[PDB]
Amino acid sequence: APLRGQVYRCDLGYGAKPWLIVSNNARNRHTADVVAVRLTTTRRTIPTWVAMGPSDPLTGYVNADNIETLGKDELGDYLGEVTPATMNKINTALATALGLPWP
């Protein structure tokens, strides 16, 4: 069921936080867990972070240095889906975090 772009709340052991799925959709259908990046209210100026926009699920930022694996069963409240413009910026941030080469 879960899709790339969707934000879910999840508690990893320090309170329930918003998480953006970045795993591809085939993985998400067949596997028991997904890969996600932390949404946060903290504000840091680093190219691995992206600011949400007005038609995004919430206020704050995506930190792509903080990738986590979350069980489907652990997925809490569905907070919406990011805009494709915001998802494009996130792609960049992710590629940067995982040192994908230039161009």
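Throughout, we count residues from 1 along the sequence that is shown.
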Ranked by mean Cα B-factor in the entry, 9-17 and 85-93, top stretch is 9-17
Would you tell me which stretch averages the higher CA B-factor in the PDB entry, 46-54 or 25-33?
25-33
Third assignment of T59 from its chain's C-alpha B-factors
highest
Divide the modelled residues of the chain into thirds by Cα B-factor and specify which third, lowest, middle or highest, holds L98.
lowest
Among all modelled residues of this chain, ranked by Cα B factor, put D77 in the bottom, middle or top third, i.e. lowest, middle or highest.
highest
On the chain's distribution of Cα B-factors, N66 falls within the third called middle
